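Down below is the structure, laid out as structure tokens.
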Amino acid sequence: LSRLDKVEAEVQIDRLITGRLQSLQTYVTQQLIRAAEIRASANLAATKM
Amino acid sequence: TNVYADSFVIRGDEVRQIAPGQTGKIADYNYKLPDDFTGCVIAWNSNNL
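This is how it looks when you write it as structure tokens:
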């Protein structure tokens, strides 16, 4: 935003957003998958308990 | 639905300023195309008049 006039900077920030916004879905999807493992391990405990 | 036809006279060098989202004097302090403009820019010389 500082260097460039906005009209071009719009396209730039996309590559940040598209990159970052994607990079969340990567992280989120990992957590979902990883939690689903814990969710399975939790039942194993609750079964043993 | 409803069109706005607005016209003026500028110089043969500054007309490239006359692009929405750009800078330079005519688009800085004189006449401002918006950030989202679908209007057509029609430009010609009237040097003989």
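Taken in order, these protein sequences are the chains called C and A.
Under the entry's author numbering, the first residue of the first sequence carries the number 981, and numbering increases by one thereafter.
Under the entry's author numbering, the first residue of the second sequence carries the number 393, and numbering increases by one thereafter.
Yeah, the Cβ is synthetic: ideal placement off N, Cα and C, and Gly gets one too.
### Query
Does any CB atom of chain C fall closer than 8 Å to the CB of residue 431 of chain A?
Position 39 of the second sequence, counted from the start, is the residue given in the question as residue 431 of chain A. No, its Cβ sits nowhere closer than 8 Å to a Cβ of chain C.
### Task
Report the rounded CA-to-CA distance for residue 1018 of chain C versus residue 1007 of chain C, giving the unit in angstroms.
Walking along the first sequence from the start, residue 1018 of chain C turns up at place 38. Walking along the first sequence from the start, residue 1007 of chain C turns up at place 27. So the two alpha carbons sit approximately 16 Å from each other.
### Query
Closer than 9 Å, Cβ to any Cβ of chain C: which residues of the stretch 403 to 424 of chain A, in chain order?
411, 412, 413, 414, 415
### Query
Which residues in the same chain as residue 419 of chain A place their Cβ atom closer than 6 Å to its Cβ, once the five residues preceding and following it in sequence are excluded?
In the second sequence, counting from the first residue as 1, residue 419 of chain A sits at position 27. 409.
### Query
What residues of chain A sit near residue 985 of chain C, judged by a beta carbon separation below 7 Å?
Within the first sequence, numbered from 1, the residue matching residue 985 of chain C stands at position 5. Per Cβ cutoff of 7 Å: 415.
### Query
Is the CB-CB distance between residue 1004 of chain C and residue 992 of chain C below 8 Å?
Your numbering for residue 1004 of chain C matches position 24 in the first sequence. Your numbering for residue 992 of chain C matches position 12 in the first sequence. Their beta carbons are not under 8 Å apart, which means residue 1004 of chain C does not touch residue 992 of chain C by this criterion.
#### Entry: Euclidean distance between Cα positions of residue 398 of chain A and residue 414 of chain A
Position 6 of the second sequence, counting from 1, holds the residue named residue 398 of chain A. Position 22 of the second sequence, counting from 1, holds the residue named residue 414 of chain A. Taking the straight line joining both Cα atoms gives about 19 Å.
### Beta-carbon proximity list for residue 429 of chain A, same chain, < 6 Å, skipping 5 on both sides
Within the second sequence, the letter at position 37 stands for residue 429 of chain A. The residues are 412.
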